Every structure is written in structure tokens, then in C-alpha cells.
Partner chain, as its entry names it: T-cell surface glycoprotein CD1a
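To begin, one chain is listed below as C-alpha cells, in the form solved without the partner chain.
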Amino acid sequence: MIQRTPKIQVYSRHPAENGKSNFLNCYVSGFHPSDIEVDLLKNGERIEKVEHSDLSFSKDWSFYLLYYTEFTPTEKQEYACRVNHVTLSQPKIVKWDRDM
């Protein structure tokens, strides 16, 4: 058996083909087992509609999830990614840095 804690990165991207659109991303990497719970938050509340949830593995024991959706951030909103996994005794909340 192997278990590996996810690394979690939260960032925003503009697709170059539609630069006015803005996507909030949670990249959850190198975890095992694959069982996981991942939400994007807006001021502490789960975002219900996340349009993209892309899972892959490299080695049979290394998983990668890109969890992202279109958003419209304002300076006064707080965005984050919340991850639950067997390796995390408490849910891990990673805040979006506005400049990322």
C-alpha cells in the first residue's frame, strides 16, 4: 500500500481564445489513493456548478485532478479550494491569492 497527500494549487487563467473569460482552478496533484472530495468555495460556500473535473494518473499510484470553472471575481470576494482525503485529518482549505 502507498498513500500520498495531495499538493493543492489554486489559480486563475484566461483562455487565450477568449481572454475576457476567467477560470478558477484547483490543481490537486500526486495523491493516492484516488478517493477524494474537492470543492471550489466562494466566501466559504461550495460552488455547485464546476464545469470541468479532469482526472489522470501517471504511475498507477499517482493521481492528478484539475477542477476548474468560469468565474467572475471581485476584490471583496474570497475564493478557495477545499480538499478532503484519507491523508488529511482535517479538510484542507487553500485560498486563492487575487494575484494568482
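Positions refer to the first chain, counted from 1.
- Higher mean CA temperature factor, per the PDB entry, when comparing 70-78 with 52-60: 70-78.
- Per-stretch averaging of Cα B factors for 37-45 and 24-32 places 37-45 on top.
- The PDB entry assigns the greatest CA B-factor among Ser12, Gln9, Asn18, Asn84 to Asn18.
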